[PDB]
Amino acid sequence: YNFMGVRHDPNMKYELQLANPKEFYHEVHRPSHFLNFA
Amino acid sequence: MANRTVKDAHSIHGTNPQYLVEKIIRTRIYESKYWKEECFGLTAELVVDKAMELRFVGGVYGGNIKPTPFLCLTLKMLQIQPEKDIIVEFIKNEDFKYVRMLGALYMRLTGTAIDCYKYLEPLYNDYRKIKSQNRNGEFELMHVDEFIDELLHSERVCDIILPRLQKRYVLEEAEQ
Amino acid sequence: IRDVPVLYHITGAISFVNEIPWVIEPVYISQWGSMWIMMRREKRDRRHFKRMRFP
Amino acid sequence: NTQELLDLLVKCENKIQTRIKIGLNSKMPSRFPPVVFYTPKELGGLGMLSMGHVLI
Amino acid sequence: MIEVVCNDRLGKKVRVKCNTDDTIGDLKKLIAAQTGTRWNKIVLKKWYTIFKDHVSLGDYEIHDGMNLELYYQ
Amino acid sequence: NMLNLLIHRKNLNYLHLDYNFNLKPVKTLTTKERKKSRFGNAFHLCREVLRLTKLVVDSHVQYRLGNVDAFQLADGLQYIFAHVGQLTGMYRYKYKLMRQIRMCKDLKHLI
Amino acid sequence: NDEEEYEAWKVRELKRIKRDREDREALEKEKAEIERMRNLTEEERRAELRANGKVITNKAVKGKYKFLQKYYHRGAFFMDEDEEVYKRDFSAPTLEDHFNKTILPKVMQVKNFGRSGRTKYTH
Amino acid sequence: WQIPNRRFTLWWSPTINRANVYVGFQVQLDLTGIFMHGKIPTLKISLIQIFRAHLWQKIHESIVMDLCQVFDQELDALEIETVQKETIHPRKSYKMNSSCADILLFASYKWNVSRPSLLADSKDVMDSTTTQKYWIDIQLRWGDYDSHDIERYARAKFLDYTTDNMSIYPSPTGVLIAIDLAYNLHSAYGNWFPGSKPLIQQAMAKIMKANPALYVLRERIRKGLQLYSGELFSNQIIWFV
Amino acid sequence: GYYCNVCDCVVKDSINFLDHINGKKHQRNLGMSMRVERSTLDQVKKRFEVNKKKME
RNA sequence: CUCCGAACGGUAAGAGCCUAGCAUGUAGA
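Per chain, the count goes from 1 following the written sequence and can depart from the entry's numbering; residues without coordinates do not appear at all. Written order determines the labels here, with chains lettered from A and ligands numbered from 1. Any value reported refers to the chains on display, which are one part of a larger assembly. The basis for every side-chain value is the complete set of non-hydrogen atoms in the structure, without hydrogens or water. Residues with missing side-chain atoms are left out of burial classes, side-chain pairs and their counts.

- What the deposited record gives as its method is cryo-EM, and the resolution it gives is 8 Å.

## As for the overall build of chain F
Consideration 1: Helices and strands together make up the secondary structure of chain F, namely four helices and two strands.
Consideration 2: When the helices and strands of chain F are listed from N to C terminus, the series reads α-β-β-α-α-α.
Consideration 3: Taken over C-alpha atoms, the radius of gyration is set against a globule rule of 2.2 Å times the number of residues to the power 0.38. Relative to the 2.2 N^0.38 estimate, which gives 13 Å for 111 residues, the radius of gyration of chain F is 17 Å and therefore markedly larger than a compact globule would have.
Consideration 4: In terms of principal-axis extent, the alpha carbons of chain F reach across some 50 × 35 × 25 Å. Numbered from the N terminus, helices here are DSSP runs of H or I no shorter than four residues, and strands are runs of E no shorter than two.

## Topic: the overall build of chain D
Consideration 1: When helices and strands are counted, chain D shows two helices and zero strands.
Consideration 2: Overall size of chain D, expressed as C-alpha extent along the three principal axes, is 35 × 30 × 15 Å.

## Comments concerning the interface of chain E and chain H
Consideration 1: By the convention used here, residues are in contact when the closest approach between their heavy atoms is within 4.5 Å. Listed by partner, the interface residues are nine residues for chain E and 12 residues for chain H.
Consideration 2: Looking at side-chain class alone, the side of chain E that touches chain H contains three nonpolar, four polar and two charged residues. In this classification, the charged set is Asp, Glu, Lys and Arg, the nonpolar set is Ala, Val, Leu, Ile, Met, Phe, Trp, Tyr, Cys and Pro, and all remaining amino acids, among them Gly, are polar.

## Brief notes about the sheet that holds strand 4 (residues 133-136) of chain H
Residues and elements named next belong to chain H.
Consideration 1: A pair of strands counts as paired when DSSP detects no fewer than two bridges linking them. With respect to topology, four strands assemble into an open sheet ordered 1-2-4-6, the strand pairing being mixed. Two strands close off the open sheet at either side, each with one partner strand: strand 1 (84-85) and strand 6 (174-175).
Consideration 2: Bridge analysis of strand 1 against strand 2 (residues 103-106) gives two bridges, and the strand direction is antiparallel. The partner of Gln84 across the bridge, within strand 2, is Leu104.

## Comments concerning the pairing of strand 2 (residues 139-143) of chain B
Each regular strand displays side chains that alternate between the two surfaces of the sheet.
All names here are of chain B.
Consideration 1: Of the strand pairs in this sheet, strand 1 (residues 129-133) and strand 2 are connected by five bridges, and their pairing is antiparallel. By the bridge assignment, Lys129 is partnered in strand 2 with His143.
Consideration 2: Linking strand 1 to strand 2, which pair antiparallel, is a turn of five residues; within it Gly137 sits at a positive phi near 95 degrees.

## What to know about the sheet that holds strand 7 (residues 177-179) of chain H
Residues and elements named next belong to chain H.
Consideration 1: Reading across the sheet, the four strands line up as 3-8-7-5 and stay open at both edges, with mixed pairing between neighbours. Unpaired on one side and paired on the other, strand 3 (116-118) and strand 5 (139-140) mark the two borders of the sheet.
Consideration 2: Pairing geometry for strand 3 and strand 8 (residues 187-191), over three bridges, is antiparallel. Paired with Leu118 across the bridge in strand 8 is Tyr189.

## Observations regarding unusual backbone geometry
Consideration 1: We note that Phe113(G) has phi near 60 degrees; this positive angle belongs to a residue other than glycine.
Consideration 2: Here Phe113(G) lies in the segment after helix 1 (2-43).
Consideration 3: For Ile40(H), which is not a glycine, the phi torsion comes out positive at approximately 45 degrees.
Consideration 4: Among the structural elements, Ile40(H) can be located in the loop between helix 2 (13-16) and helix 3 (41-50).

## A short note on the environment of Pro17(B)
All names here are of chain B.
Consideration 1: Mapped onto the secondary structure, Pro17 falls in the segment before helix 1 (23-29).
Consideration 2: In the structure, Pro17 is positioned 12 residues away from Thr5 in sequence and 9.8 Å away in space, judged by C-alpha atoms.
Consideration 3: Discounting residues that sit within four places of it in the chain, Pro17 has contacts with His10, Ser11, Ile12 and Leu78.

## Observations concerning the arrangement of the chains
Consideration 1: Most contacts, when the nine pairs of chains in contact are compared, are made between chains E and H.
Consideration 2: Structurally, chain A and chain B remain out of contact, their C-alpha atoms never closer than 30 Å.
Consideration 3: The two units chain A and chain D are non-contacting; their minimal C-alpha-C-alpha distance is 46 Å.

If you want it as structure tokens, here you go:
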């Protein structure tokens, strides 16, 4: 979640699962870079 | 340059020819970019091109009072003092509404009251809208007929003082 | 409105009003008092919510 | 209990305050704010022992 | 209400009490009532900082007794 | 014309006297410019006397023009005395004019 | 908006004609109102006909100076516009009136080396 | 713990220097600017000797570059572009009219601009235009006993210099961070941005503490009040690896 | 800032450069300040014709 | 209870450059 820092909170609650995490430069990890299209 | 544009051509009604507006407004209009560009050079056709270039109606805006380009063109026309034929042709030209408004303001400023009425009587039939600048600098929508009726009324506009002769009934009893 | 004398220099930078105003006794008395009676009864009549401008 | 003596000291304490003010500036302040005159010494002020009413 | 003084550099000093939430616009109208000029032709400043009309007094922190600059555009 | 000739005759193009007999600075400039300006108790007193004069004369002018009737000239002369106190020509010139003003306000109270 | 523009131009021309006719009729109505007031003072009613009130532009809201509150005049330079800023009841302490001015020793009018005046409005 | 009159003058200068305490005030002293309401002659010479050199202009510059470096610590997370430390006039902080902001913020892609808001309240309102830029404009002001509300002064100055023509600015939004060097306060109150409130709050904290300009100022005041507790060009020294 | 190559002077403002242009010895070589109006009719006629032709 | 105050004592100190509103009306050949 490095590309979206506004949705990160220290008091935020989240669950876990058994799966493989995506990369830092993945398209699912950076929605703002794909939405920059005029 | 800024003193007078005519050596000896004519005079104003009751003041100096270059001093028709207030002295504070003249000192504020003496320092501007468009005012310096007009004072660097100004002809009759140059004044016509400057009137056809800018279409706006207003005076000074904001705390730092800066003149409008229409007020700068009116000051350059009052300084240069052209003939009555060029002013009548600018008032009669309906192609450029801003040039017609500038000619109407020049005819209401330096002209006689009978000539002002004879020039403002066709001006009341112009229903074309025009852009107007408010006192805070914001743009406002207006028409040429409302500005002509305000110029034919008492002086309430900013940076303008042009009293009439009498009422419409008294002027009709005096002459045509 | 009436009128007055006037003394003008040819320079015309000054014009004093030369007539040292010379009314009569009961005439001026009854004039300004007539204005008093008509003024008070004028206020008696109209609701004239008006005065002049400051300037 | 001597009212004339009470009045004389009041105007004189205001007079000395006026002398301090006309020393501080030169143009005779409209209201020299009463703290930096009448406040205590050790906390960096002038410590007038004021024997006269003056509202803050 | 707070009293302000609008002394000028030509013997033009006026004293006006006005309220706190009131803006510079109504205060210029009240000065215009006081000293005999139009309210839009008053420009009141703090030495090269021109007080704009629409902002209220408590934002400029004008308090009772403070002096303005009275100028004319 | 008289006072404006005095003003422009002192090589000081900073101030423009209102034709309704005020005086206002133009450029928001003083200090050095004010230091050759703020003077002449005689000029301020004479402007004051002509200010009261021109207030009277212009009041009767708009009277004989458009709203003379009986309300305007009467009320305007009365508030012209009360405004010789409150509006124009105040005590900054000479000393005793406050005494004549206070006698004027008291006469207004009686009448 | 040519049709609406012509409609608004006709509305404005009608308003201007009505304003001129209203100025003429307003002169005539001032004359008629003077005549009606005269006739009413003559034979309307002996203390039985008022038909009016106390219409004044600016409000007369006043109070009472506490002990030495200054005679703060509102200034008689603009009184016909009937603005809201004027009606505010100037009977409040500005700078120094907040005090009581009664517990003071004998009296304190002005301590600024300028008490040329000598009075309290008692006599 | 002519000398001692000056020490009294400065240690109560914050109450002895005000228009209310001297009615007809207009002066800006020099350098940064002081509302020296009068002659107050000893205080004037001392305050010039207090603000020793070009120290105020440096204070503005150091606070500006510190705010920029604090922003350059989350620019990528705040979807910025880069350092938009604008150019200004040479003596630019020595004026009181304008605010051509030093630190613009060229956002990465379509930041959402919030309403006018003060940096203490929490009920923000992010429902407005989708601004490409918020600007950071510094303003420094030596207060008094009746000028010591920097927040109200800041909301006033920002809405004024925003509303009036009077001045160039950045695009649509200038969040005006302003700190009053008299009572050491911190303020900004206008168009806040998306999520920048925590940033500016911690920023004003980290700026008010320990910024070398503010330390030089506090030490200069303490020691005055005496109350102790292109490679060929010069000035371009770099390394070559 | 602004630069006048005729006088080779450095103007710190725009009014200083625009003033150095005309209203000085450079103008005295350029014909000083004298400028008149151009006729009456023909200037407004040709000006309105050229303006109306360039507009549309 | 209604007696309303104005100014001076106050803004520095200069360096190089730049622009302006004015004033006299002559004997002479």
